[PDB]
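**Student:** Before I ask anything, let me first share the structure, which is written out below as C-alpha cells.
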Amino acid sequence: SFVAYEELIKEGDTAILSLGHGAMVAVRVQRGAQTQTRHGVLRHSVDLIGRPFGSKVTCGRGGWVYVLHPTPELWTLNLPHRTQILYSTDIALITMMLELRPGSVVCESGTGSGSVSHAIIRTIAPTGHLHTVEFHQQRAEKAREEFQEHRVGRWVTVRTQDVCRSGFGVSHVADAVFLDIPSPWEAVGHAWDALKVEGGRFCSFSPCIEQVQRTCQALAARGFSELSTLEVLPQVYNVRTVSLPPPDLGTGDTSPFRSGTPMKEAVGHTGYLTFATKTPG
Amino acid sequence: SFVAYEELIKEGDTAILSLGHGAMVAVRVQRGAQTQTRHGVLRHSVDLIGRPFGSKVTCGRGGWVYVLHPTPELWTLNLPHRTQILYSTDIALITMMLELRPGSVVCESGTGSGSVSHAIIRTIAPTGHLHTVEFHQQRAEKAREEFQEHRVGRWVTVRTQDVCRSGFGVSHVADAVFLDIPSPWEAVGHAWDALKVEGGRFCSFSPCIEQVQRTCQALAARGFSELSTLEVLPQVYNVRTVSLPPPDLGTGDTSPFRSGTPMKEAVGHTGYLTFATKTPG
Amino acid sequence: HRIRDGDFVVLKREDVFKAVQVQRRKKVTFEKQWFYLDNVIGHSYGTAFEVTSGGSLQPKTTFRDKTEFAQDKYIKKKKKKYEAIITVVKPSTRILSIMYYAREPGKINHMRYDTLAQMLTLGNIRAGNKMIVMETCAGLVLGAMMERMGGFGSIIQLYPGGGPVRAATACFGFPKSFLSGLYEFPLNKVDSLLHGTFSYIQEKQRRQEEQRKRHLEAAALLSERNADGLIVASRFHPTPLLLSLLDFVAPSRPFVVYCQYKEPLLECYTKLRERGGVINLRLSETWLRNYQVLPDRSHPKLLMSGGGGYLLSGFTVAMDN
Amino acid sequence: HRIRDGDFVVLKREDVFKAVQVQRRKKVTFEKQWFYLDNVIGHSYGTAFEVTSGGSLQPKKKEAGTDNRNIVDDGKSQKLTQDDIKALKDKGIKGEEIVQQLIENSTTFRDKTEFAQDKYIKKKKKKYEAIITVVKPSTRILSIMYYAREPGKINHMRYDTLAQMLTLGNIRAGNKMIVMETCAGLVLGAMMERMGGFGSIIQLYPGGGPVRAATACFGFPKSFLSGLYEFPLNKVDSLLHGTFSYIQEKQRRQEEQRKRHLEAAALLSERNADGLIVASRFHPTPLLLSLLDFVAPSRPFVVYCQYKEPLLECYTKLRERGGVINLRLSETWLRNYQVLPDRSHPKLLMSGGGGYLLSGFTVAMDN
RNA sequence: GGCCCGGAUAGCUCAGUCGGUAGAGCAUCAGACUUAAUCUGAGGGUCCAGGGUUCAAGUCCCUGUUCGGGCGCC
RNA sequence: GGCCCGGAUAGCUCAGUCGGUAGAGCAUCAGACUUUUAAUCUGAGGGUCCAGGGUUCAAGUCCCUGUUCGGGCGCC
Ligand SMILES: Nc1ncnc2c1ncn2[C@@H]1O[C@H](CSCC[C@H](N)C(=O)O)[C@@H](O)[C@H]1O
Ligand SMILES: Nc1ncnc2c1ncn2[C@@H]1O[C@H](CSCC[C@H](N)C(=O)O)[C@@H](O)[C@H]1O
Ligand code: NA
Ligand code: NA
C-alpha cells in the first residue's frame, strides 16, 4: 500500500515505471492487461505480478525497465493533473511547519488532484485522519476513487461542499489546516471553528500577493498569531563534466572539472506560503 | 579626478585606503593633514603627495597601506551615509536599463547621500548632464559641495524643490529619469514633461510592493509603455579550501577541494525596481 | 497533555527559542535573564509568563512627529525592550530545527530548517519503516525521524567516537515507548560487518555487556540488508559512506544525503553513476525567503540562501548478473 | 532621430526579439511570418505594426462569474469547428473580429471569473492581433535578446550579470580598456556605448578574427572605430618579452593587419591600460596571469565564467602572483515581477545560469 | 483497418534507459593550407498547429497535421 | 592636556593586511585508556554577536553619545 511497504507486486496496486532520464509513468495493475513504453512491452500477468519492486523487468526486443514502489512524492509527479498541483518541494516545508505526525487530524481545501492529500496521509498514518473538501463535484468523486484504488479510504473523508460557507464539515477537532484556494481569506473563520479549542497551526498557499495581504488581514482579525510568510525555491543541478580549452598564447593547470549547473535557467514561482498559529487566549 | 584617471596623487583629490579585509575608508588629501589607521599613521605631505596610486605606503611603525584611485563604486562603500542608499549592485543594473551613455541628459530625485548621482556622471561624461532634485536644504547643500570638491560640477546642477509639486526644473530635454522617493506615483506626470518628446526611459526604487502597484497603474494611465519590474540580489562567495575527514570503518577518493561559500547566509532586500518607456503616441 | 515536572520544554520570547528540562529549583538563563522553573507546572502549554524578582508569574518628548505607521514601529520597539514576555511551547521538529540553526548552527552543519523538511519528505519517512541513519547533528535529525514515525517501525543509528550523540533528541521529550525501536552500532565495525568477519567497578561491567549486547542485535538487522531507507548528514565525506552503507538497503527504497558543500556530492554522484543500482539521482538545493506583511508597508526581509547546504537523493535498484 | 533606410534595428512581438538591418526589398522571418521592410521606414521609433500579405500596416498604439465550482472540461465549450477557424483566418478578417467571434461562441466565457476573462482575452490577442513593435538597438535590448535567443553563443551570460561588468570595470569615456571575449563581440559593443567613441579598446581575438556580429547590431558611427584596435591572442607571450616582430587584395589586408597590429602591440607594451575585461569559452586562469601585466597599477578588472570552479583556481593563482586586492567572487540573481491589481507575483528567478564574476584591482609588485 | 506508446524549433536533418532537447551535423560563409581540394572558426534557435481547462502558478488532457515504434484481430 | 583610529556575543578568555569573526582554547562533563586525591587521549554541552538614543519612506553594507580594553600621534 501507499501507507506501508510490501515487497512483492500484487494486483490492484499502483506502480511507477522509470523509463529513463527523469521521465517516469504510473500504472495500475490488472491481470491480462498490458502497457506500452519506449523500451518495450510488459505483460501484467508475467512481467509484473509476483515480482519484487526494483527488478530489471525484461520487455520486448531485449528491452528492460525498473519498477518502483509507490510513494506520495512519486505519485505527485506521474499522477493525472486534473488541476495544478503543489510539488514535493512546497509539500515538504508545509508538512513540517504545520507539525504533522502519526495521529494528527487535518483539514484541506481544495482537494484538487490529491497531490498534497497523499503526502499527508503517508505521515499521519495509521491513527491520523483527513477531512478534505472540494466544491467541484467531479474532482471530489475522482479523488474518492483514487483513495479507494490505492486503499487509503480509512484515513480520509471527501466532503463535497464549499469551505468559505459550510466550513470543513467539522468543529473543534482539527490540529492543522491547509488552504490552496483562490479566496482563502473567507475560510479563516471556519478554519478557527475547525481547529481544536486547545490550539493548532495554519497554512495558506496563494500565488498572488494581494491574496496574502488579505489573508493576513483576516487572520489577525480572527486572532491567529505567529504570522510568517515564507516562500520556498527549489534548484536542481544537472551534473556534468566539462573542460575549458586553454588559450593559445604561443606557449607550448588547465585541468578539467566537474560541475552542477542548474536545470532550468530560471526557477518558477509556486506560491507564497503564509503560516500562523492558534493559541488559547 | 573622478571622471578621468591620473597616475599621480595631488591635493584636493579623494583617495581610498585599503585597511585589509573588506574595510576601507575615504579620505581627502590636504597638505599637513593626518589620518590614523590600525596599521599606524599616514602623513599626507610625504606618504601620498607626488607618488602614484596603488603604491605600498608605509606608516611609521612598519605597517603599510594600499592607496586606490577613486571610482563611484568605491565612493558608494565609503561615503558619509546621510540617508540610506543604493549599492553598486542595484545601480549597475539601472545604468543599463536606462540606456545611459556619454551625452545622456538625466534627471534624478531624491539626491540623498549621492550614491547614485556619482555613478551617473561617470558614464554620461564628458558630454552629458544631470538635473537632480532634493527638497531638503542640508542634503542638497552638502551634495553641491562634494561635486565641487570632486571637480565634477560641470556635469550637474542641483535644484532645491519638491519634484511631485514643481517638477525636475526642466522640460523635454532629458533622455532618462530616476526616482527614489516614498511616493513616486505623484511625480509620474512631471517625469513625462521632463523627458524629451522623442522618447526616453524611466525608473523607480520602492521596496514596499504597494508602492509599485500605484506607480505602474499611474505610469500606464499617463501613456508610458513597455513596463517591467525587476529585483536584483547580489551574492558574494568566500573562497576557502576545505577537507572533510573520512570515517573509520576498520579499514586500515577523500581528496580535499576548493570551494566558494556565501559570505551572508541571508541576503537583505534592497527594493523593487520599476522601469518604463516613453514613445510618441 | 498538561505540563508536568521532569518534562522537556521549549521557551519563546518573540522569535528566539531555547530548550530546557523542568526540574525543581534548577536555575536557568534566557536572553541574559535568570529564572526558576517551579511555578510553571500547573498550566497548559502555550501559557505566557513575565519575569519577576524571583519566580515566574502567569498573566492573562517628540512622539507625535512620527507618522501613523512609523509611530507604531517606534512604540513597539521601546515597549518590547523594557517589557518582554516569555511563552512556553511544547517541543517540535519545527521549533527545534529553527532554534538550532539560529543558536548553534555549527553543531548541525548549518542544515537550515527548510532543507531538513525536504529530507523527511524525500526519504518517505512514516510509520512502519526500518530506517538507517548516520548523523553528527546532535541527534536533531534522529529526533525529526522519530516524530514522523511515532513509535512505529525502527531506526538504526550508526555512530563514531565513544558513543552516539543525542542531545537535541532528548529535547523532543519522547516517551519510553520509542526507545524500543532505537538501536546503535559503531561505525568502525562496518567493513568487518560487510565481510561477515564481525564478532563501583561492577557498574561498568553491567553497562558494557548490556551495550555490546545491543550492538550484536543491530549487527543482525543490518546484516539482513533489507532497509526501507537511508539518511546521512555528518561532518565526514559522504562519498565513502554511501559506497559501503547502501549495501544494507533493499531495492526500490529512497535515500537522502546532506552536505554543507557541493563538491563532495559531485564526486559522490559520479561514484554512484559508476557503481550501479540507483536511479533518479537528484542533486538539489532549497532557498527560503521570509516576508514582512503589513498594509502599505509590505516587503521581503531576508533571503536565506546557500548556507542551507545541498542534498543528493534517489532510489535504490537491484544489480545485474 | 527618425527611422531611415539601411539602419540597424531590433524587432519585438511580446517578449521575443530579433535584430535585422533595413534593406530595400528584403524578405525576413520572425516568429513564423514573412515581412517586407519597405513599408516601415518613414515612421518614428517605438511604432506598432500589423502583418497582412507582405507589407506592414501601422495601427493605433461585465457579465462575469465568481467560482469554477461548476466548470467542467467538456471540450464542447467553444462552438465552432477547427475547420471553421481556418475559414475565417483564410478570409483575411482583421483579427480583432476573430477574437470577438470566439468570445461570442464560447458558451462558458460569460460564466468565468473577471480575471479568467481578462486572461482568456490576453491569450487570444497574443496570437491573432499580432502587434509587432520596432525599437532602436541598445546594450539593454541586445543582451536580453541574445540570452533568450542565442545563449549558447555568449556562454550563457545573463544581462544582469553584464550590467555588473560594465560597472565593476568603471567603463566610461577616456579609458584604454582591454578585452578578450567570445560572446559574438557583444561585450565589445556594450563597452563602446559606455565609451561613446572616446578612449580606446584593445580587443584580443583567438583563431583568425574578432567576432563582431553582435557589435554590428549597435550601428555605431565610424568615429568609434578610430579608437578601436585589435591584436591576435597567439602573439601575447611574444609581446611580454619583446620577442615580437588579387595578391594586392591579400597584401592590403595582410599589410593592414600588420599596420594595425604593430599599433596595438605598442599600446600594450606601455603596460598602462586602465582596465581589463574577460568573458570567453577558454579557461580564464592563463588569460589573467599574462594580460594583467598590461594594466597600470590601481585599475579595475572583471572576469566572467559560466561555471564557478575555474575562478576558484584564479582566486588562488592570483595570490601566488600578488599585486591585486579586493577579490570578490560574485553572482547576481534576477527576479522579475508581474504587477496587476490583485494579481502581483514573481515570474522567473534567473539563477545559476547567469554565470559568475571575479573582480578586483591591480597593485604594484614587491621588489 | 482498430488499440497503446514516443517525437517535430535554425534553410535542411538529428539528439543516447544519467557523459545536455539551448547541444550539434550537413549545407553556407570567412580565415588558415595550396591545386576547385583540405583544416579551424563563426553567423543561424523561443520548441508542429487549433480548441478547452488549472487560482489570479505552463499543467494537464482532447482534437488535427506529420514522422516512426509496439501489441496482433480486441 | 587633547585629538584620531580600532574592537566587546558562550561561565571566563581569545579568532591576523586573501572580503580568513558560527571558528576555537581554558574550564567543564561523558566515554575510552592506565599511571587512580587523578592524568592522558577522543568526543560532547555552552553563540543571536553590549548598553542608550538619532537620521534614513525602507536598513542584515550607517551615524552620535556612554561603559570597557587596546593602539597611535602630541599641547595643535
Ligand atoms: N471555496 C472552495 N471550497 C472547496 N474547494 C475549492 C474552493 N475554491 C476552489 N476550490 C478547489 O481548490 C482546488 C485547487 S487546485 C489544488 C491542488 C491540491 N492542493 C494539490 O496539489 O493536490 C481546485 O480544484 C478547486 O476546485
Ligand atoms: N517629494 C520629494 N521631493 C524631493 N525630494 C524628496 C521628496 N521626498 C523625499 N525626498 C528626498 O529623497 C531622498 C531619498 S534617499 C535617496 C538616496 C539616493 N537616491 C541615493 O541612493 O544616492 C531623501 O533624502 C529625501 O530627502
Ligand atoms: Na526542421
Ligand atoms: Na565576556
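Here, A, B, ... name the chains of the C-alpha cells in the order displayed, residue numbers run from 1 inside each chain, and ligands are numbered from 1 in the same displayed order.
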Give me, as a ChimeraX atom specification, the set of residues whose atoms come within 10 Å of any atom of ligand 2, counting only C-alpha atoms (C1' of nucleotides) and all ligand atoms.
**Tutor:** /B:76,81-88,90-91,108-119,132-140,159-168,178-184,186-187,204-205 /F:55-58
**Student:** Once you count only C-alpha atoms (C1' of nucleotides) and all ligand atoms, which residues end up within 10 Å of ligand 3, and could you hand them over as a PyMOL selection string?
**Tutor:** chain E and resi 8-14+48
**Student:** Keeping only C-alpha atoms (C1' of nucleotides), write the selected residues as a PDB file, in the first residue's frame.
**Tutor:**
```pdb
ATOM      1  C1'   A E   8       8.535  17.712 -34.501  1.00  0.00           C
ATOM      2  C1'   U E   9      12.013  24.597 -33.011  1.00  0.00           C
ATOM      3  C1'   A E  10      17.948  27.180 -37.097  1.00  0.00           C
ATOM      4  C1'   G E  11      17.229  26.769 -44.860  1.00  0.00           C
ATOM      5  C1'   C E  12      17.506  21.059 -44.387  1.00  0.00           C
ATOM      6  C1'   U E  13      18.176  16.991 -40.707  1.00  0.00           C
ATOM      7  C1'   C E  14      19.404  14.708 -35.794  1.00  0.00           C
ATOM      8  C1'   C E  48       4.398  21.326 -35.242  1.00  0.00           C
TER       9        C E  48
END
```
**Student:** Check the DSSP output for the backbone and give back, as a list in words, the residues of range 58-187 of chain B in strand (DSSP E).
**Tutor:**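 Residues meeting the strand (DSSP E) criterion: residues 58, 64, 65, 66, 67, 68, 105, 106, 107, 108, 109, 129, 130, 131, 132, 133, 156, 157, 176, 177, 178 and 179 of chain B.
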**Student:** What does the file look like for those residues with N, CA and C atoms, as a short mmCIF file (atom, residue, chain, number, x, y, z; two decimals), in the first residue's frame?
**Tutor:**
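Result file out34.cif:
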```cif
data_model
loop_
_atom_site.label_atom_id
_atom_site.label_comp_id
_atom_site.auth_asym_id
_atom_site.auth_seq_id
_atom_site.Cartn_x
_atom_site.Cartn_y
_atom_site.Cartn_z
N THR B 58 54.12 52.81 3.56
CA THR B 58 54.45 52.51 4.95
C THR B 58 53.81 53.55 5.87
N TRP B 64 51.88 49.11 6.66
CA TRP B 64 51.69 49.77 5.38
C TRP B 64 50.22 49.81 4.95
N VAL B 65 49.96 50.46 3.82
CA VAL B 65 48.60 50.61 3.30
C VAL B 65 48.65 50.76 1.78
N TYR B 66 47.60 50.30 1.11
CA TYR B 66 47.48 50.47 -0.34
C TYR B 66 46.47 51.57 -0.66
N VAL B 67 46.88 52.48 -1.53
CA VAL B 67 46.03 53.60 -1.93
C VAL B 67 45.41 53.31 -3.29
N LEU B 68 44.15 53.68 -3.45
CA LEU B 68 43.41 53.40 -4.68
C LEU B 68 42.87 54.66 -5.34
N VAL B 105 21.27 63.13 -21.16
CA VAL B 105 20.71 64.09 -20.22
C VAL B 105 19.81 63.31 -19.27
N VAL B 106 19.94 63.57 -17.98
CA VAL B 106 19.29 62.75 -16.96
C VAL B 106 18.66 63.61 -15.87
N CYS B 107 17.65 63.06 -15.21
CA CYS B 107 17.04 63.69 -14.05
C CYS B 107 16.93 62.68 -12.91
N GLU B 108 17.06 63.17 -11.68
CA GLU B 108 17.08 62.32 -10.50
C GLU B 108 16.34 62.97 -9.35
N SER B 109 15.69 62.16 -8.52
CA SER B 109 15.11 62.65 -7.27
C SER B 109 14.63 61.48 -6.41
N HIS B 129 24.76 65.37 -19.06
CA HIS B 129 24.48 66.25 -17.94
C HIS B 129 23.38 65.67 -17.06
N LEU B 130 23.30 66.15 -15.82
CA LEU B 130 22.31 65.68 -14.85
C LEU B 130 21.55 66.86 -14.25
N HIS B 131 20.28 66.62 -13.91
CA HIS B 131 19.44 67.63 -13.27
C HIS B 131 18.72 67.00 -12.09
N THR B 132 19.37 67.06 -10.93
CA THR B 132 18.85 66.40 -9.74
C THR B 132 17.93 67.30 -8.93
N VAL B 133 17.34 66.73 -7.88
CA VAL B 133 16.38 67.44 -7.04
C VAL B 133 16.45 66.92 -5.61
N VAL B 156 26.57 68.61 -13.68
CA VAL B 156 25.44 68.51 -12.75
C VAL B 156 24.99 69.86 -12.24
N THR B 157 23.69 69.97 -11.98
CA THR B 157 23.11 71.16 -11.38
C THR B 157 22.00 70.74 -10.43
N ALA B 176 16.39 60.35 -19.89
CA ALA B 176 16.02 59.37 -18.87
C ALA B 176 15.71 60.02 -17.52
N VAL B 177 15.06 59.25 -16.66
CA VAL B 177 14.64 59.73 -15.34
C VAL B 177 14.78 58.60 -14.33
N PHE B 178 15.06 58.98 -13.08
CA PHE B 178 15.15 58.02 -11.99
C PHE B 178 14.46 58.56 -10.75
N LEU B 179 13.91 57.66 -9.94
CA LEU B 179 13.18 58.05 -8.73
C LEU B 179 13.49 57.16 -7.54
#
```
**Student:** Write out as a list in words each polymer residue whose atoms come within 12 Å of residue 24 in chain F, counting only C-alpha atoms (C1' of nucleotides); drop sequence neighbours fewer than 4 positions from it.
**Tutor:** residues 106 of chain C; 10, 13, 14 and 15 of chain F
**Student:** Wanna dump the chain C-chain B contacts at 9 Å for me, each residue with its shortest atom pair and the distance in Å to one decimal, counting only C-alpha atoms, ordered by chain and number, as CSV?
**Tutor:**
```
residue,atom,partner,partner_atom,distance
C:160,CA,B:248,CA,7.6
C:186,CA,B:249,CA,8.8
C:187,CA,B:249,CA,5.7
C:188,CA,B:249,CA,3.9
C:189,CA,B:249,CA,5.7
C:190,CA,B:249,CA,5.4
C:191,CA,B:249,CA,5.4
C:192,CA,B:250,CA,6.9
C:235,CA,B:244,CA,6.7
C:236,CA,B:245,CA,5.1
C:237,CA,B:244,CA,5.1
C:238,CA,B:246,CA,8.4
C:239,CA,B:253,CA,7.9
C:240,CA,B:246,CA,7.6
C:241,CA,B:247,CA,7.5
C:261,CA,B:259,CA,7.7
C:262,CA,B:259,CA,8.2
C:263,CA,B:257,CA,7.1
C:264,CA,B:257,CA,8.1
C:267,CA,B:253,CA,8.4
C:289,CA,B:266,CA,8.9
C:295,CA,B:210,CA,8.2
C:296,CA,B:210,CA,5.6
C:297,CA,B:208,CA,5.5
C:298,CA,B:208,CA,5.2
C:299,CA,B:208,CA,5.0
C:300,CA,B:269,CA,6.2
C:301,CA,B:269,CA,5.9
C:302,CA,B:268,CA,5.0
C:303,CA,B:267,CA,5.1
C:304,CA,B:266,CA,4.1
C:305,CA,B:265,CA,5.6
C:306,CA,B:262,CA,6.1
C:307,CA,B:265,CA,5.0
C:308,CA,B:265,CA,8.0
```
**Student:** From a backbone DSSP assignment, name each residue in range 32-212 of chain D labelled alpha helix (DSSP H), as a VMD selection string.
**Tutor:** chain D and resid 84 to 90 96 to 105 114 to 125 139 to 149 159 to 168 186 to 195
**Student:** Could you list, as a short mmCIF file (atom, residue, chain, number, x, y, z; two decimals) with N, CA, C and O atoms, in the first residue's frame, the residues of chain C having an atom within 12 Å of chain F when counting only C-alpha atoms (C1' of nucleotides)?
**Tutor:**
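In the end it all went to selection25.cif:
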```
data_model
loop_
_atom_site.label_atom_id
_atom_site.label_comp_id
_atom_site.auth_asym_id
_atom_site.auth_seq_id
_atom_site.Cartn_x
_atom_site.Cartn_y
_atom_site.Cartn_z
N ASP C 15 10.88 35.57 18.59
CA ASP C 15 11.26 34.59 17.57
C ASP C 15 12.55 33.88 17.98
O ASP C 15 13.26 33.32 17.13
N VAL C 16 12.85 33.90 19.27
CA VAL C 16 14.05 33.29 19.82
C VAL C 16 13.62 32.14 20.71
O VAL C 16 12.66 32.27 21.46
N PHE C 17 14.34 31.02 20.63
CA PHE C 17 13.98 29.83 21.40
C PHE C 17 15.17 29.29 22.20
O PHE C 17 16.32 29.58 21.89
N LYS C 18 14.85 28.52 23.23
CA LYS C 18 15.85 27.77 23.98
C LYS C 18 15.14 26.66 24.75
O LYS C 18 14.12 26.90 25.40
N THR C 29 19.02 30.28 32.47
CA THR C 29 19.23 31.60 31.89
C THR C 29 18.64 31.66 30.49
O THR C 29 18.59 30.66 29.78
N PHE C 30 18.19 32.85 30.09
CA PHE C 30 17.49 33.01 28.82
C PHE C 30 17.43 34.49 28.44
O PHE C 30 16.81 35.29 29.14
N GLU C 31 18.07 34.84 27.33
CA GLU C 31 18.15 36.23 26.88
C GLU C 31 18.73 37.13 27.97
O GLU C 31 18.17 38.18 28.28
N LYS C 32 19.85 36.70 28.54
CA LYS C 32 20.57 37.47 29.56
C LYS C 32 19.86 37.55 30.92
O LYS C 32 20.31 38.26 31.81
N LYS C 66 6.45 61.24 14.44
CA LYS C 66 6.41 60.01 13.66
C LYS C 66 5.04 59.81 13.03
O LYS C 66 4.01 60.13 13.64
N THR C 67 5.02 59.29 11.81
CA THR C 67 3.78 59.03 11.09
C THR C 67 2.96 57.96 11.81
O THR C 67 3.38 57.43 12.84
N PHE C 69 2.31 54.88 10.88
CA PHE C 69 2.97 53.58 10.80
C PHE C 69 4.41 53.60 11.31
O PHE C 69 4.97 52.56 11.65
N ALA C 70 5.02 54.79 11.36
CA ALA C 70 6.36 54.94 11.92
C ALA C 70 6.31 55.12 13.44
O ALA C 70 7.26 54.79 14.14
N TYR C 74 7.90 52.73 16.27
CA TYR C 74 8.76 53.32 17.30
C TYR C 74 8.33 52.89 18.70
O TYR C 74 9.18 52.64 19.56
N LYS C 78 10.37 50.12 21.84
CA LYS C 78 10.70 50.64 23.16
C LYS C 78 9.82 50.06 24.27
O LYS C 78 10.16 50.15 25.45
N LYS C 81 11.22 46.16 24.58
CA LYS C 81 12.57 46.08 25.12
C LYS C 81 12.58 46.11 26.65
O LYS C 81 13.37 45.42 27.29
N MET C 99 15.47 26.74 15.86
CA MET C 99 16.25 27.19 17.01
C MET C 99 17.72 26.86 16.86
O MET C 99 18.58 27.72 17.02
N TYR C 100 18.01 25.59 16.56
CA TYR C 100 19.39 25.12 16.47
C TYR C 100 20.14 25.79 15.32
O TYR C 100 21.34 26.02 15.42
N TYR C 101 19.43 26.09 14.24
CA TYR C 101 20.03 26.80 13.12
C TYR C 101 20.37 28.25 13.49
O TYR C 101 21.23 28.87 12.86
N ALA C 102 19.68 28.78 14.50
CA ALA C 102 19.83 30.16 14.94
C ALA C 102 20.73 30.30 16.17
O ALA C 102 21.37 31.33 16.37
N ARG C 103 20.76 29.26 17.00
CA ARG C 103 21.51 29.30 18.26
C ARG C 103 22.83 28.54 18.17
O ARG C 103 23.84 28.99 18.70
N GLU C 104 22.82 27.39 17.49
CA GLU C 104 24.01 26.56 17.37
C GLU C 104 24.09 25.88 16.00
O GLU C 104 24.06 24.65 15.91
N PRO C 105 24.19 26.67 14.92
CA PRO C 105 24.29 26.14 13.56
C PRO C 105 25.56 25.33 13.32
O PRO C 105 25.55 24.41 12.51
N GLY C 106 26.64 25.65 14.03
CA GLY C 106 27.89 24.93 13.88
C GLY C 106 27.79 23.47 14.30
O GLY C 106 28.52 22.62 13.78
N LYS C 107 26.87 23.18 15.21
CA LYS C 107 26.70 21.83 15.74
C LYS C 107 26.02 20.92 14.72
O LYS C 107 26.29 19.72 14.66
N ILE C 108 25.14 21.51 13.91
CA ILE C 108 24.32 20.75 12.96
C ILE C 108 24.71 21.03 11.50
O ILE C 108 23.90 20.84 10.59
N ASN C 109 25.95 21.45 11.28
CA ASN C 109 26.47 21.69 9.94
C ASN C 109 25.56 22.59 9.10
O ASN C 109 25.35 22.35 7.91
N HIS C 110 25.00 23.62 9.73
CA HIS C 110 24.26 24.67 9.03
C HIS C 110 23.07 24.14 8.23
O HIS C 110 22.68 24.74 7.23
N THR C 136 25.81 13.63 12.70
CA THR C 136 26.55 14.31 13.75
C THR C 136 25.90 15.65 14.06
O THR C 136 26.57 16.59 14.51
N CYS C 137 24.59 15.74 13.82
CA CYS C 137 23.84 16.97 14.07
C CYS C 137 23.14 16.92 15.42
O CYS C 137 21.98 17.29 15.54
N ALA C 138 23.86 16.46 16.45
CA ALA C 138 23.35 16.43 17.82
C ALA C 138 22.07 15.61 17.97
O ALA C 138 21.31 15.82 18.91
N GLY C 139 21.85 14.66 17.07
CA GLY C 139 20.64 13.85 17.11
C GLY C 139 19.39 14.61 16.72
O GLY C 139 18.28 14.12 16.91
N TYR C 159 27.27 5.31 14.59
CA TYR C 159 27.99 6.36 15.30
C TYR C 159 29.50 6.14 15.28
O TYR C 159 29.96 5.01 15.17
N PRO C 160 30.27 7.24 15.39
CA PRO C 160 31.72 7.19 15.61
C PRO C 160 32.04 7.57 17.05
O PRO C 160 31.12 7.76 17.84
N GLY C 161 33.32 7.71 17.37
CA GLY C 161 33.73 8.12 18.70
C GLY C 161 33.26 7.14 19.76
O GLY C 161 33.01 5.97 19.47
N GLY C 162 33.14 7.62 21.00
CA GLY C 162 32.75 6.77 22.11
C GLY C 162 31.34 6.25 21.96
O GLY C 162 31.10 5.04 22.07
N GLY C 163 30.40 7.15 21.69
CA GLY C 163 29.00 6.78 21.56
C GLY C 163 28.20 7.79 20.75
O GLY C 163 28.70 8.87 20.44
N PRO C 164 26.95 7.45 20.43
CA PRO C 164 26.06 8.31 19.64
C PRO C 164 25.57 9.51 20.43
O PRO C 164 25.10 9.34 21.56
N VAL C 165 25.68 10.70 19.84
CA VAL C 165 25.22 11.92 20.49
C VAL C 165 23.73 12.11 20.21
O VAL C 165 23.28 11.97 19.07
N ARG C 166 22.97 12.41 21.26
CA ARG C 166 21.52 12.55 21.16
C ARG C 166 21.04 13.68 22.07
O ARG C 166 20.04 13.54 22.77
N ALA C 167 21.75 14.80 22.04
CA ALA C 167 21.43 15.94 22.89
C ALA C 167 20.08 16.54 22.49
O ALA C 167 19.14 16.57 23.29
N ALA C 168 19.99 17.00 21.24
CA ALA C 168 18.77 17.61 20.72
C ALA C 168 17.61 16.63 20.77
O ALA C 168 16.46 17.03 20.90
N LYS C 204 30.33 -0.72 35.53
CA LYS C 204 30.86 -0.71 34.17
C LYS C 204 30.56 -2.03 33.46
O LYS C 204 30.10 -2.03 32.32
N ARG C 207 27.03 -2.11 32.37
CA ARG C 207 26.78 -1.18 31.28
C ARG C 207 27.50 -1.61 30.00
O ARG C 207 27.07 -1.27 28.90
N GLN C 208 28.59 -2.36 30.14
CA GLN C 208 29.39 -2.78 29.00
C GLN C 208 28.73 -3.92 28.23
O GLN C 208 28.49 -3.81 27.03
N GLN C 292 7.77 40.36 5.37
CA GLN C 292 7.07 41.23 6.30
C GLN C 292 5.82 41.71 5.58
O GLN C 292 5.91 42.30 4.51
N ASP C 296 0.40 48.55 3.33
CA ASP C 296 1.16 49.69 2.82
C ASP C 296 2.61 49.77 3.35
O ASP C 296 3.28 50.80 3.18
N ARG C 297 3.09 48.69 3.96
CA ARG C 297 4.47 48.59 4.39
C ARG C 297 4.87 47.12 4.28
O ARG C 297 5.40 46.54 5.23
N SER C 298 4.59 46.54 3.12
CA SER C 298 4.78 45.10 2.89
C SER C 298 6.01 44.90 2.03
O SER C 298 6.06 45.36 0.89
N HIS C 299 7.00 44.19 2.56
CA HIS C 299 8.23 43.97 1.82
C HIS C 299 8.94 42.71 2.30
O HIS C 299 8.74 42.28 3.43
N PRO C 300 9.77 42.11 1.43
CA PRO C 300 10.58 40.96 1.85
C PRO C 300 11.67 41.37 2.83
O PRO C 300 12.25 42.45 2.68
N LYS C 301 11.96 40.53 3.81
CA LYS C 301 13.03 40.80 4.77
C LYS C 301 14.32 40.13 4.31
O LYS C 301 15.17 40.77 3.68
N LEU C 302 14.45 38.84 4.60
CA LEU C 302 15.67 38.10 4.32
C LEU C 302 15.46 37.12 3.19
O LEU C 302 14.35 36.63 2.98
N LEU C 303 16.54 36.83 2.47
CA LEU C 303 16.57 35.71 1.54
C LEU C 303 17.64 34.73 1.99
O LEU C 303 18.82 34.89 1.66
N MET C 304 17.23 33.72 2.74
CA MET C 304 18.16 32.76 3.32
C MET C 304 18.56 31.77 2.23
O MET C 304 17.74 31.00 1.74
N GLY C 307 23.75 28.87 2.64
CA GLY C 307 24.08 28.22 3.90
C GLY C 307 23.25 26.98 4.20
O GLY C 307 23.55 26.26 5.15
#
```
**Student:** Give me, as a PyMOL selection string, the set of residues whose atoms come within 10 Å of any atom of ligand 4, counting only C-alpha atoms (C1' of nucleotides) and all ligand atoms.
**Tutor:** chain F and resi 8-13+50
**Student:** Got a sec: who's within 9 Å of residue 364 in chain D, counting only C-alpha atoms (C1' of nucleotides), leaving out chain neighbours fewer than 6 positions off, as a ChimeraX atom specification?
**Tutor:** /B:54-56 /D:296-298,322-324
